[PDB]
Every structure is written in structure tokens, then in C-alpha cells.
>>> print(open('model.tsv').read())   # TSV, N, CA and C atoms
chain	number	residue	atom	x	y	z
A	1	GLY	N	3.49	20.15	-29.11
A	1	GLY	CA	4.74	20.36	-28.34
A	1	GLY	C	5.30	19.04	-27.82
A	2	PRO	N	6.58	19.04	-27.44
A	2	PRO	CA	7.22	17.79	-27.01
A	2	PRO	C	6.52	17.16	-25.82
A	3	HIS	N	6.30	15.84	-25.88
A	3	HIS	CA	5.62	15.16	-24.78
A	3	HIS	C	6.48	15.16	-23.52
A	4	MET	N	5.86	15.57	-22.42
A	4	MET	CA	6.44	15.52	-21.08
A	4	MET	C	5.54	14.61	-20.23
A	5	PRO	N	6.03	13.47	-19.76
A	5	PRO	CA	5.16	12.58	-18.97
A	5	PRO	C	4.71	13.29	-17.70
A	6	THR	N	3.44	13.08	-17.36
A	6	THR	CA	2.74	13.87	-16.35
A	6	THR	C	1.89	12.94	-15.49
A	7	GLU	N	2.14	12.95	-14.18
A	7	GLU	CA	1.49	12.04	-13.25
A	7	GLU	C	0.15	12.59	-12.76
A	8	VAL	N	-0.81	11.66	-12.65
A	8	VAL	CA	-2.19	11.95	-12.27
A	8	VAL	C	-2.64	10.81	-11.34
A	9	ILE	N	-3.43	11.18	-10.33
A	9	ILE	CA	-4.14	10.21	-9.49
A	9	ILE	C	-5.51	9.96	-10.10
A	10	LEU	N	-5.88	8.68	-10.25
A	10	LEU	CA	-7.24	8.27	-10.56
A	10	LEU	C	-7.81	7.65	-9.27
A	11	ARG	N	-8.97	8.10	-8.82
A	11	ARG	CA	-9.47	7.65	-7.52
A	11	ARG	C	-11.00	7.57	-7.52
A	12	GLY	N	-11.51	6.65	-6.71
A	12	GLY	CA	-12.93	6.59	-6.40
A	12	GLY	C	-13.63	5.33	-6.88
A	13	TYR	N	-12.94	4.45	-7.60
A	13	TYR	CA	-13.55	3.24	-8.11
A	13	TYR	C	-13.82	2.23	-6.98
A	14	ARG	N	-14.61	1.21	-7.33
A	14	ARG	CA	-15.27	0.40	-6.30
A	14	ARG	C	-14.28	-0.32	-5.39
A	15	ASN	N	-13.25	-0.92	-5.96
A	15	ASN	CA	-12.24	-1.67	-5.21
A	15	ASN	C	-11.10	-1.95	-6.17
A	16	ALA	N	-10.09	-2.66	-5.71
A	16	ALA	CA	-8.88	-2.79	-6.51
A	16	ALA	C	-9.13	-3.60	-7.78
A	17	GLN	N	-10.17	-4.43	-7.80
A	17	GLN	CA	-10.51	-5.16	-9.01
A	17	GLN	C	-11.05	-4.27	-10.11
A	18	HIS	N	-11.39	-3.01	-9.80
A	18	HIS	CA	-11.90	-2.05	-10.77
A	18	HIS	C	-10.81	-1.11	-11.28
A	19	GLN	N	-9.57	-1.26	-10.81
A	19	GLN	CA	-8.50	-0.39	-11.26
A	19	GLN	C	-8.37	-0.42	-12.78
A	20	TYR	N	-8.54	-1.60	-13.38
A	20	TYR	CA	-8.36	-1.74	-14.82
A	20	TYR	C	-9.31	-0.82	-15.58
A	21	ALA	N	-10.53	-0.62	-15.05
A	21	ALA	CA	-11.55	0.14	-15.76
A	21	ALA	C	-11.24	1.63	-15.71
A	22	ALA	N	-10.73	2.09	-14.56
A	22	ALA	CA	-10.27	3.46	-14.45
A	22	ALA	C	-9.16	3.74	-15.45
A	23	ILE	N	-8.19	2.84	-15.52
A	23	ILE	CA	-7.07	3.03	-16.42
A	23	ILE	C	-7.51	2.95	-17.88
A	24	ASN	N	-8.30	1.92	-18.24
A	24	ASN	CA	-8.73	1.79	-19.62
A	24	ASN	C	-9.54	3.00	-20.05
A	25	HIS	N	-10.50	3.42	-19.23
A	25	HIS	CA	-11.37	4.51	-19.63
A	25	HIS	C	-10.61	5.81	-19.79
A	26	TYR	N	-9.80	6.17	-18.78
A	26	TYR	CA	-9.07	7.43	-18.88
A	26	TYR	C	-8.03	7.40	-19.98
A	27	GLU	N	-7.40	6.25	-20.24
A	27	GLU	CA	-6.48	6.18	-21.36
A	27	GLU	C	-7.23	6.44	-22.67
A	28	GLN	N	-8.40	5.82	-22.84
A	28	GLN	CA	-9.16	5.96	-24.07
A	28	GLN	C	-9.57	7.41	-24.30
A	29	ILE	N	-10.02	8.12	-23.26
A	29	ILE	CA	-10.54	9.46	-23.44
A	29	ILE	C	-9.47	10.54	-23.41
A	30	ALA	N	-8.32	10.28	-22.79
A	30	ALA	CA	-7.32	11.32	-22.58
A	30	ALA	C	-6.00	11.07	-23.28
A	31	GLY	N	-5.57	9.83	-23.40
A	31	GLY	CA	-4.32	9.50	-24.03
A	31	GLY	C	-3.53	8.47	-23.25
A	32	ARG	N	-2.44	8.02	-23.87
A	32	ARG	CA	-1.66	6.91	-23.36
A	32	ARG	C	-1.24	7.10	-21.91
A	33	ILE	N	-1.44	6.02	-21.16
A	33	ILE	CA	-0.89	5.82	-19.82
A	33	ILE	C	0.31	4.89	-19.97
A	34	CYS	N	1.45	5.29	-19.40
A	34	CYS	CA	2.70	4.61	-19.67
A	34	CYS	C	2.89	3.31	-18.87
A	35	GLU	N	2.26	3.19	-17.71
A	35	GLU	CA	2.35	1.98	-16.91
A	35	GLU	C	1.75	0.79	-17.65
A	36	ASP	N	2.25	-0.39	-17.30
A	36	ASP	CA	1.83	-1.68	-17.85
A	36	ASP	C	0.79	-2.37	-16.97
A	37	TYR	N	-0.07	-1.60	-16.30
A	37	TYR	CA	-1.17	-2.15	-15.53
A	37	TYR	C	-2.21	-2.81	-16.46
A	38	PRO	N	-2.99	-3.78	-15.97
A	38	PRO	CA	-4.09	-4.33	-16.78
A	38	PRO	C	-5.13	-3.30	-17.19
A	39	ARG	N	-5.68	-3.46	-18.41
A	39	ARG	CA	-6.81	-2.70	-18.91
A	39	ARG	C	-8.04	-3.58	-19.11
A	40	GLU	N	-8.00	-4.84	-18.62
A	40	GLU	CA	-9.04	-5.83	-18.77
A	40	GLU	C	-9.44	-6.33	-17.39
A	41	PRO	N	-10.69	-6.76	-17.24
A	41	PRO	CA	-11.16	-7.12	-15.92
A	41	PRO	C	-10.51	-8.40	-15.44
A	42	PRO	N	-10.31	-8.53	-14.14
A	42	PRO	CA	-9.75	-9.77	-13.60
A	42	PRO	C	-10.81	-10.85	-13.42
A	43	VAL	N	-11.75	-10.97	-14.36
A	43	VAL	CA	-12.74	-12.04	-14.28
A	43	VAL	C	-12.09	-13.38	-14.61
A	44	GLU	N	-11.11	-13.38	-15.50
A	44	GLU	CA	-10.32	-14.57	-15.79
A	44	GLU	C	-8.96	-14.14	-16.30
A	45	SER	N	-8.00	-15.06	-16.23
A	45	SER	CA	-6.64	-14.73	-16.64
A	45	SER	C	-6.58	-14.48	-18.14
A	46	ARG	N	-5.77	-13.49	-18.52
A	46	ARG	CA	-5.55	-13.14	-19.92
A	46	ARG	C	-4.08	-13.12	-20.30
A	47	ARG	N	-3.19	-12.72	-19.38
A	47	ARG	CA	-1.82	-12.36	-19.73
A	47	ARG	C	-0.87	-12.64	-18.57
A	48	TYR	N	0.34	-13.04	-18.92
A	48	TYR	CA	1.44	-13.22	-17.99
A	48	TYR	C	2.09	-11.87	-17.68
A	49	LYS	N	2.30	-11.58	-16.39
A	49	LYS	CA	2.97	-10.35	-15.98
A	49	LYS	C	4.47	-10.61	-15.89
A	50	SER	N	5.25	-9.74	-16.54
A	50	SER	CA	6.71	-9.84	-16.51
A	50	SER	C	7.29	-8.44	-16.45
A	51	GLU	N	8.30	-8.26	-15.60
A	51	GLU	CA	9.01	-6.99	-15.52
A	51	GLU	C	10.30	-6.98	-16.34
A	52	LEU	N	10.52	-7.99	-17.18
A	52	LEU	CA	11.66	-7.95	-18.09
A	52	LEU	C	11.48	-6.82	-19.08
A	53	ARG	N	12.58	-6.18	-19.42
A	53	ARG	CA	12.61	-5.15	-20.45
A	53	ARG	C	13.51	-5.53	-21.61
A	54	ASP	N	14.31	-6.57	-21.45
A	54	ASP	CA	15.26	-6.99	-22.47
A	54	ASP	C	14.49	-7.33	-23.75
A	55	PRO	N	14.86	-6.76	-24.90
A	55	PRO	CA	14.13	-7.05	-26.14
A	55	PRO	C	14.18	-8.51	-26.57
A	56	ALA	N	15.10	-9.33	-26.04
A	56	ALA	CA	15.04	-10.76	-26.31
A	56	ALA	C	13.81	-11.41	-25.68
A	57	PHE	N	13.19	-10.71	-24.74
A	57	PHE	CA	12.03	-11.21	-24.03
A	57	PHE	C	10.77	-10.40	-24.23
A	58	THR	N	10.85	-9.16	-24.70
A	58	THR	CA	9.66	-8.36	-24.93
A	58	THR	C	9.92	-7.32	-25.99
A	59	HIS	N	8.95	-7.19	-26.90
A	59	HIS	CA	8.92	-6.08	-27.85
A	59	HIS	C	7.84	-5.07	-27.50
A	60	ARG	N	7.38	-5.04	-26.26
A	60	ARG	CA	6.50	-3.98	-25.82
A	60	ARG	C	7.27	-2.66	-25.82
A	61	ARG	N	6.51	-1.59	-25.90
A	61	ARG	CA	7.10	-0.27	-26.04
A	61	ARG	C	8.18	-0.02	-25.00
A	62	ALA	N	9.34	0.39	-25.48
A	62	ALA	CA	10.43	0.79	-24.60
A	62	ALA	C	10.12	2.18	-24.08
A	63	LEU	N	10.09	2.33	-22.76
A	63	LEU	CA	9.87	3.64	-22.18
A	63	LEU	C	11.08	4.53	-22.39
A	64	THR	N	10.83	5.81	-22.60
A	64	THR	CA	11.91	6.78	-22.57
A	64	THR	C	12.44	6.90	-21.14
A	65	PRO	N	13.64	7.46	-20.96
A	65	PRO	CA	14.13	7.63	-19.58
A	65	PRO	C	13.18	8.44	-18.71
A	66	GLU	N	12.56	9.47	-19.28
A	66	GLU	CA	11.64	10.32	-18.51
A	66	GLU	C	10.38	9.54	-18.13
A	67	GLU	N	9.86	8.75	-19.05
A	67	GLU	CA	8.72	7.90	-18.74
A	67	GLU	C	9.08	6.87	-17.69
A	68	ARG	N	10.23	6.21	-17.84
A	68	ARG	CA	10.64	5.16	-16.91
A	68	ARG	C	10.77	5.71	-15.50
A	69	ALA	N	11.35	6.91	-15.36
A	69	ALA	CA	11.54	7.47	-14.04
A	69	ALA	C	10.21	7.63	-13.32
A	70	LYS	N	9.18	8.10	-14.03
A	70	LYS	CA	7.87	8.29	-13.41
A	70	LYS	C	7.11	6.97	-13.24
A	71	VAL	N	7.17	6.08	-14.23
A	71	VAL	CA	6.48	4.80	-14.11
A	71	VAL	C	7.02	4.02	-12.91
A	72	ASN	N	8.32	4.12	-12.65
A	72	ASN	CA	8.90	3.40	-11.52
A	72	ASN	C	8.40	3.91	-10.17
A	73	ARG	N	7.85	5.13	-10.13
A	73	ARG	CA	7.26	5.68	-8.91
A	73	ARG	C	5.83	5.15	-8.75
A	74	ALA	N	5.72	3.83	-8.60
A	74	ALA	CA	4.43	3.17	-8.51
A	74	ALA	C	3.76	3.50	-7.18
A	75	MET	N	2.48	3.85	-7.23
A	75	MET	CA	1.71	4.26	-6.07
A	75	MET	C	0.27	3.86	-6.30
A	76	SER	N	-0.37	3.24	-5.30
A	76	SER	CA	-1.77	2.89	-5.42
A	76	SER	C	-2.32	2.50	-4.05
A	77	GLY	N	-3.64	2.46	-3.99
A	77	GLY	CA	-4.38	1.92	-2.86
A	77	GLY	C	-5.51	1.03	-3.35
A	78	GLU	N	-6.51	0.84	-2.50
A	78	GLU	CA	-7.63	-0.01	-2.86
A	78	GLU	C	-8.55	0.66	-3.87
A	79	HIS	N	-8.62	2.00	-3.83
A	79	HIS	CA	-9.59	2.75	-4.62
A	79	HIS	C	-8.92	3.84	-5.44
A	80	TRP	N	-7.59	3.78	-5.58
A	80	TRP	CA	-6.88	4.80	-6.33
A	80	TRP	C	-5.59	4.23	-6.88
A	81	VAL	N	-5.10	4.88	-7.94
A	81	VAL	CA	-3.85	4.51	-8.57
A	81	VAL	C	-3.23	5.77	-9.16
A	82	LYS	N	-1.91	5.89	-9.05
A	82	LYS	CA	-1.17	6.93	-9.75
A	82	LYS	C	-0.79	6.41	-11.13
A	83	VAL	N	-1.04	7.22	-12.15
A	83	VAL	CA	-0.69	6.88	-13.52
A	83	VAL	C	0.18	7.99	-14.10
A	84	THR	N	0.89	7.64	-15.16
A	84	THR	CA	1.77	8.57	-15.85
A	84	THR	C	1.24	8.72	-17.28
A	85	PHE	N	0.56	9.83	-17.55
A	85	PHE	CA	0.17	10.11	-18.92
A	85	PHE	C	1.41	10.47	-19.72
A	86	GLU	N	1.38	10.15	-21.02
A	86	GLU	CA	2.57	10.38	-21.82
A	86	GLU	C	2.86	11.86	-22.05
A	87	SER	N	1.88	12.74	-21.86
A	87	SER	CA	2.05	14.15	-22.15
A	87	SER	C	1.24	14.97	-21.15
A	88	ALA	N	1.62	16.24	-21.05
A	88	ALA	CA	0.85	17.18	-20.26
A	88	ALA	C	-0.54	17.36	-20.84
A	89	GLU	N	-0.64	17.33	-22.17
A	89	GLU	CA	-1.92	17.52	-22.83
A	89	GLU	C	-2.88	16.38	-22.48
A	90	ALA	N	-2.38	15.15	-22.43
A	90	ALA	CA	-3.23	14.02	-22.04
A	90	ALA	C	-3.68	14.17	-20.59
A	91	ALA	N	-2.77	14.54	-19.70
A	91	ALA	CA	-3.16	14.73	-18.31
A	91	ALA	C	-4.22	15.82	-18.18
A	92	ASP	N	-4.08	16.91	-18.94
A	92	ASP	CA	-5.06	17.98	-18.87
A	92	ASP	C	-6.43	17.51	-19.35
A	93	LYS	N	-6.47	16.69	-20.39
A	93	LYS	CA	-7.75	16.15	-20.82
A	93	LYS	C	-8.38	15.31	-19.71
A	94	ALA	N	-7.58	14.47	-19.06
A	94	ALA	CA	-8.11	13.64	-17.98
A	94	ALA	C	-8.70	14.49	-16.87
A	95	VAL	N	-7.95	15.51	-16.44
A	95	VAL	CA	-8.43	16.37	-15.35
A	95	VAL	C	-9.68	17.13	-15.77
A	96	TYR	N	-9.73	17.66	-17.00
A	96	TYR	CA	-10.94	18.33	-17.45
A	96	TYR	C	-12.14	17.39	-17.44
A	97	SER	N	-11.93	16.16	-17.89
A	97	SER	CA	-13.02	15.20	-18.01
A	97	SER	C	-13.51	14.72	-16.66
A	98	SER	N	-12.72	14.87	-15.62
A	98	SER	CA	-13.05	14.32	-14.31
A	98	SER	C	-14.29	15.02	-13.72
A	99	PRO	N	-15.15	14.28	-13.02
A	99	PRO	CA	-15.14	12.84	-12.83
A	99	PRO	C	-15.85	12.11	-13.96
A	100	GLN	N	-15.51	10.84	-14.10
A	100	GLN	CA	-16.13	9.94	-15.06
A	100	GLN	C	-16.84	8.82	-14.32
A	101	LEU	N	-18.01	8.42	-14.81
A	101	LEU	CA	-18.77	7.35	-14.20
A	101	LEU	C	-18.25	6.01	-14.73
A	102	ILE	N	-17.73	5.18	-13.84
A	102	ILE	CA	-17.09	3.92	-14.18
A	102	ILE	C	-17.65	2.85	-13.25
A	103	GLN	N	-18.49	1.99	-13.81
A	103	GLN	CA	-19.13	0.90	-13.09
A	103	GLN	C	-19.74	1.36	-11.77
A	104	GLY	N	-20.54	2.42	-11.88
A	104	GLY	CA	-21.35	2.89	-10.79
A	104	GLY	C	-20.64	3.77	-9.80
A	105	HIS	N	-19.41	4.19	-10.12
A	105	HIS	CA	-18.59	5.00	-9.24
A	105	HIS	C	-18.08	6.21	-10.00
A	106	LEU	N	-17.97	7.32	-9.29
A	106	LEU	CA	-17.35	8.52	-9.85
A	106	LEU	C	-15.84	8.44	-9.63
A	107	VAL	N	-15.11	8.38	-10.75
A	107	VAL	CA	-13.67	8.25	-10.73
A	107	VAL	C	-13.07	9.59	-11.14
A	108	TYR	N	-12.34	10.17	-10.21
A	108	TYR	CA	-11.72	11.47	-10.35
A	108	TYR	C	-10.31	11.31	-10.88
A	109	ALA	N	-9.87	12.33	-11.61
A	109	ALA	CA	-8.51	12.46	-12.09
A	109	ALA	C	-7.99	13.79	-11.58
A	110	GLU	N	-6.89	13.76	-10.82
A	110	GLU	CA	-6.31	14.95	-10.22
A	110	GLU	C	-4.80	14.93	-10.44
A	111	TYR	N	-4.20	16.08	-10.74
A	111	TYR	CA	-2.76	16.09	-10.89
A	111	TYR	C	-2.10	15.57	-9.62
A	112	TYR	N	-1.04	14.79	-9.79
A	112	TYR	CA	-0.25	14.35	-8.66
A	112	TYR	C	0.54	15.53	-8.08
A	113	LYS	N	0.48	15.70	-6.76
A	113	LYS	CA	1.06	16.84	-6.05
A	113	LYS	C	2.03	16.40	-4.96
A	114	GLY	N	2.61	15.22	-5.11
A	114	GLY	CA	3.66	14.77	-4.21
A	114	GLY	C	3.20	13.94	-3.04
A	115	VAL	N	1.90	13.70	-2.92
A	115	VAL	CA	1.33	12.99	-1.78
A	115	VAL	C	0.23	12.07	-2.29
A	116	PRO	N	-0.06	11.01	-1.54
A	116	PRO	CA	-1.23	10.18	-1.86
A	116	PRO	C	-2.50	10.90	-1.46
A	117	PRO	N	-3.65	10.44	-1.94
A	117	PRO	CA	-4.92	10.96	-1.41
A	117	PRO	C	-5.01	10.75	0.09
A	118	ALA	N	-5.66	11.69	0.78
A	118	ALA	CA	-5.82	11.56	2.23
A	118	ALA	C	-6.75	10.42	2.60
A	119	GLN	N	-7.68	10.10	1.71
A	119	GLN	CA	-8.69	9.07	1.92
A	119	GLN	C	-8.61	8.08	0.77
A	120	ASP	N	-8.52	6.80	1.10
A	120	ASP	CA	-8.56	5.72	0.11
A	120	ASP	C	-9.97	5.15	0.17
A	121	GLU	N	-10.86	5.66	-0.69
A	121	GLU	CA	-12.28	5.32	-0.58
A	121	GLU	C	-12.99	5.38	-1.93
A	122	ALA	N	-13.99	4.51	-2.04
A	122	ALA	CA	-14.90	4.43	-3.17
A	122	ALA	C	-15.90	5.58	-3.15
A	123	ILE	N	-16.30	6.02	-4.34
A	123	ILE	CA	-17.29	7.08	-4.49
A	123	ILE	C	-18.43	6.54	-5.35
A	124	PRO	N	-19.38	5.82	-4.74
A	124	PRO	CA	-20.53	5.38	-5.51
A	124	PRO	C	-21.30	6.58	-6.03
A	125	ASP	N	-21.76	6.47	-7.27
A	125	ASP	CA	-22.55	7.51	-7.90
A	125	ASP	C	-23.94	7.58	-7.27
>>> encode(input="model.tsv", output="C-alpha cells")
Amino acid sequence: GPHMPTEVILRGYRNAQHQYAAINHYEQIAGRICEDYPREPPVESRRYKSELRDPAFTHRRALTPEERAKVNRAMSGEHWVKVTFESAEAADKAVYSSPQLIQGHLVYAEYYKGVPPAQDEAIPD
């Protein structure tokens, strides 16, 4: 069925330096995450961050209007991040798979319900 971008909270990782691992792992197991967050550890620099979208400056995937609207609703804390899966099916896989063990922490995936998590906290396994 037609892809409808679907927002999910990923939460419980050790600290903000572990956000990349939550995103990489859940993207790999569930499907594309539309945000341009890092998927590599911040142990050393890898890539320049740019918010340009002009194709004279980037040939990275152009977001659809529906994807862009949700990606622009950026939300995160120290131990959580809101992501936009490209489809409802991907979001459902993430939620079914939750929690996942990521660098010694249980990282939960929950549908976004209009509010941030009440607690911004790590969940050591």
C-alpha cells in the first residue's frame, strides 16, 4: 500500500552520543527513517552537516512534502529521539520489535502520540 510517513519515539539509550545506534539499528530492522541524523558513532568526524536542499548542492534523497512536514517536526532529548519512518508498515515493525538491546540499553520504539516522553532517561539492560 502507499507509503504514509509515520512518527515513532525511540527512547532509552545511554546518552545523546548513542542516538546514532538507535537510529541505525531500528532503520536496519524496520525500514527507512527519513531524517538525516547520523547513523555512525561520534568517535571521530565523518561528514559535514548541511541543511541545504538545492540540488546544486546535494543529490541526497528529496523528501516528499508529507515526509518533509514530519521531518521538520524535530524532537529529541538526551535519551530519546522522534523519527519519521517512511511507512506505517515500517513503524509497525519497529514497535513490534521493541525493545531492542543497543549498547547495553533497552531502546523502545513507541508510536508518537503528540507529546514527548514524560521521562528523558536511559534504560540499562
>>> atom_distance(input="model.tsv", atom1="atom C of residue 82 in chain A", atom2="CA of residue 37 in chain A")
9.6 Å
>>> atom_distance(input="model.tsv", atom1="atom N of residue 125 in chain A", atom2="atom N of residue 42 in chain A")
20.1 Å
>>> atom_distance(input="model.tsv", atom1="atom C of residue 121 in chain A", atom2="CA of residue 25 in chain A")
17.8 Å
>>> closest_residue(input="model.tsv", among="A:105, A:85, A:99, A:60", to="residue 8 in chain A", atoms="only N, CA and C atoms")
A:85
>>> closest_residue(input="model.tsv", among="A:56, A:34, A:2, A:97", to="residue 70 in chain A", atoms="all atoms listed in the file")
A:34
>>> select_by_dssp(input="model.tsv", residues="chain A", states="strand (DSSP E)", output="count of residues only")
22
>>> closest_residue(input="model.tsv", among="A:102, A:118, A:83, A:91", to="residue 14 in chain A", atoms="only N, CA and C atoms")
A:102
>>> residues_near_point(input="model.tsv", point="(-11.3, 7.0, -2.4)", cutoff="7 Å", atoms="only C-alpha atoms", output="number ranges by chain")
A: 11-12, 79-80, 119-123
>>> select_by_dssp(input="model.tsv", residues="chain A", states="helix (DSSP H, G or I)", output="PyMOL selection string")
chain A and resi 16-30+65-71+88-97
>>> residues_near_point(input="model.tsv", point="(-11.7, 7.3, -11.5)", cutoff="6.5 Å", atoms="all atoms listed in the file", output="PyMOL selection string")
chain A and resi 10-13+22+100+106-109
>>> axis_aligned_box(input="model.tsv", around="range 82-94 of chain A", padding_each_side="3 Å", output="JSON")
{"center_x": -2.9, "center_y": 11.9, "center_z": -15.9, "size_x": 17.6, "size_y": 18.1, "size_z": 19.8}
>>> closest_residue(input="model.tsv", among="A:87, A:76, A:28, A:19", to="residue 5 in chain A", atoms="all atoms listed in the file")
A:87
>>> closest_residue(input="model.tsv", among="A:94, A:52, A:16, A:33", to="residue 110 in chain A", atoms="only C-alpha atoms")
A:94
>>> decode(input="model.tsv", residues="range 23-50 of chain A", atoms="N, CA and C atoms", output="PDB file, in the first residue's frame")
ATOM      1  N   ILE A  23      19.021   4.897  15.889  1.00  0.00           N
ATOM      2  CA  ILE A  23      18.520   5.159  14.550  1.00  0.00           C
ATOM      3  C   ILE A  23      19.013   4.108  13.564  1.00  0.00           C
ATOM      4  N   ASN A  24      20.322   3.799  13.580  1.00  0.00           N
ATOM      5  CA  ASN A  24      20.838   2.819  12.636  1.00  0.00           C
ATOM      6  C   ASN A  24      20.167   1.471  12.835  1.00  0.00           C
ATOM      7  N   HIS A  25      20.066   1.013  14.083  1.00  0.00           N
ATOM      8  CA  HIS A  25      19.529  -0.311  14.323  1.00  0.00           C
ATOM      9  C   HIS A  25      18.065  -0.404  13.914  1.00  0.00           C
ATOM     10  N   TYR A  26      17.250   0.554  14.359  1.00  0.00           N
ATOM     11  CA  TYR A  26      15.834   0.487  14.019  1.00  0.00           C
ATOM     12  C   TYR A  26      15.597   0.689  12.527  1.00  0.00           C
ATOM     13  N   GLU A  27      16.399   1.514  11.862  1.00  0.00           N
ATOM     14  CA  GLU A  27      16.259   1.633  10.417  1.00  0.00           C
ATOM     15  C   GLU A  27      16.548   0.283   9.750  1.00  0.00           C
ATOM     16  N   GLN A  28      17.624  -0.382  10.174  1.00  0.00           N
ATOM     17  CA  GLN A  28      18.008  -1.639   9.566  1.00  0.00           C
ATOM     18  C   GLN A  28      16.927  -2.700   9.741  1.00  0.00           C
ATOM     19  N   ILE A  29      16.317  -2.789  10.924  1.00  0.00           N
ATOM     20  CA  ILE A  29      15.364  -3.861  11.191  1.00  0.00           C
ATOM     21  C   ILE A  29      13.947  -3.531  10.747  1.00  0.00           C
ATOM     22  N   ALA A  30      13.595  -2.254  10.625  1.00  0.00           N
ATOM     23  CA  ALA A  30      12.213  -1.864  10.374  1.00  0.00           C
ATOM     24  C   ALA A  30      11.997  -1.154   9.053  1.00  0.00           C
ATOM     25  N   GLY A  31      12.941  -0.356   8.597  1.00  0.00           N
ATOM     26  CA  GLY A  31      12.812   0.372   7.358  1.00  0.00           C
ATOM     27  C   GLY A  31      13.279   1.807   7.489  1.00  0.00           C
ATOM     28  N   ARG A  32      13.322   2.478   6.341  1.00  0.00           N
ATOM     29  CA  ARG A  32      13.898   3.803   6.235  1.00  0.00           C
ATOM     30  C   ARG A  32      13.315   4.786   7.245  1.00  0.00           C
ATOM     31  N   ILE A  33      14.246   5.504   7.871  1.00  0.00           N
ATOM     32  CA  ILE A  33      13.985   6.687   8.676  1.00  0.00           C
ATOM     33  C   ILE A  33      14.331   7.898   7.817  1.00  0.00           C
ATOM     34  N   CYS A  34      13.400   8.853   7.725  1.00  0.00           N
ATOM     35  CA  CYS A  34      13.533   9.928   6.756  1.00  0.00           C
ATOM     36  C   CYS A  34      14.480  11.047   7.188  1.00  0.00           C
ATOM     37  N   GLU A  35      14.667  11.247   8.489  1.00  0.00           N
ATOM     38  CA  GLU A  35      15.582  12.260   8.990  1.00  0.00           C
ATOM     39  C   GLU A  35      17.017  11.951   8.569  1.00  0.00           C
ATOM     40  N   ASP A  36      17.805  13.025   8.478  1.00  0.00           N
ATOM     41  CA  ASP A  36      19.216  12.994   8.107  1.00  0.00           C
ATOM     42  C   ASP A  36      20.132  12.997   9.329  1.00  0.00           C
ATOM     43  N   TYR A  37      19.703  12.379  10.427  1.00  0.00           N
ATOM     44  CA  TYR A  37      20.531  12.216  11.615  1.00  0.00           C
ATOM     45  C   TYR A  37      21.706  11.257  11.322  1.00  0.00           C
ATOM     46  N   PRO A  38      22.820  11.369  12.057  1.00  0.00           N
ATOM     47  CA  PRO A  38      23.904  10.382  11.903  1.00  0.00           C
ATOM     48  C   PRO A  38      23.487   8.954  12.227  1.00  0.00           C
ATOM     49  N   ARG A  39      24.058   7.992  11.483  1.00  0.00           N
ATOM     50  CA  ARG A  39      23.932   6.563  11.751  1.00  0.00           C
ATOM     51  C   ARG A  39      25.269   5.948  12.152  1.00  0.00           C
ATOM     52  N   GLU A  40      26.292   6.780  12.406  1.00  0.00           N
ATOM     53  CA  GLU A  40      27.645   6.381  12.742  1.00  0.00           C
ATOM     54  C   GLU A  40      28.030   7.020  14.056  1.00  0.00           C
ATOM     55  N   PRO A  41      28.919   6.374  14.818  1.00  0.00           N
ATOM     56  CA  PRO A  41      29.227   6.874  16.136  1.00  0.00           C
ATOM     57  C   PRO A  41      30.019   8.163  16.060  1.00  0.00           C
ATOM     58  N   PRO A  42      29.845   9.044  17.027  1.00  0.00           N
ATOM     59  CA  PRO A  42      30.632  10.277  17.053  1.00  0.00           C
ATOM     60  C   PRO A  42      32.014  10.073  17.664  1.00  0.00           C
ATOM     61  N   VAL A  43      32.666   8.946  17.362  1.00  0.00           N
ATOM     62  CA  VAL A  43      34.023   8.730  17.854  1.00  0.00           C
ATOM     63  C   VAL A  43      34.999   9.620  17.099  1.00  0.00           C
ATOM     64  N   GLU A  44      34.733   9.875  15.820  1.00  0.00           N
ATOM     65  CA  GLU A  44      35.511  10.820  15.036  1.00  0.00           C
ATOM     66  C   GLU A  44      34.633  11.361  13.919  1.00  0.00           C
ATOM     67  N   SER A  45      35.037  12.504  13.373  1.00  0.00           N
ATOM     68  CA  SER A  45      34.244  13.142  12.332  1.00  0.00           C
ATOM     69  C   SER A  45      34.234  12.297  11.067  1.00  0.00           C
ATOM     70  N   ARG A  46      33.072  12.257  10.417  1.00  0.00           N
ATOM     71  CA  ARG A  46      32.887  11.529   9.163  1.00  0.00           C
ATOM     72  C   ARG A  46      32.309  12.403   8.056  1.00  0.00           C
ATOM     73  N   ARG A  47      31.435  13.360   8.396  1.00  0.00           N
ATOM     74  CA  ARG A  47      30.593  14.022   7.405  1.00  0.00           C
ATOM     75  C   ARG A  47      30.254  15.447   7.838  1.00  0.00           C
ATOM     76  N   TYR A  48      30.169  16.324   6.848  1.00  0.00           N
ATOM     77  CA  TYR A  48      29.710  17.696   7.027  1.00  0.00           C
ATOM     78  C   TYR A  48      28.183  17.737   7.078  1.00  0.00           C
ATOM     79  N   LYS A  49      27.630  18.436   8.068  1.00  0.00           N
ATOM     80  CA  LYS A  49      26.188  18.608   8.178  1.00  0.00           C
ATOM     81  C   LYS A  49      25.768  19.860   7.421  1.00  0.00           C
ATOM     82  N   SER A  50      24.772  19.718   6.551  1.00  0.00           N
ATOM     83  CA  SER A  50      24.244  20.837   5.784  1.00  0.00           C
ATOM     84  C   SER A  50      22.737  20.687   5.664  1.00  0.00           C
TER      85      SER A  50
END
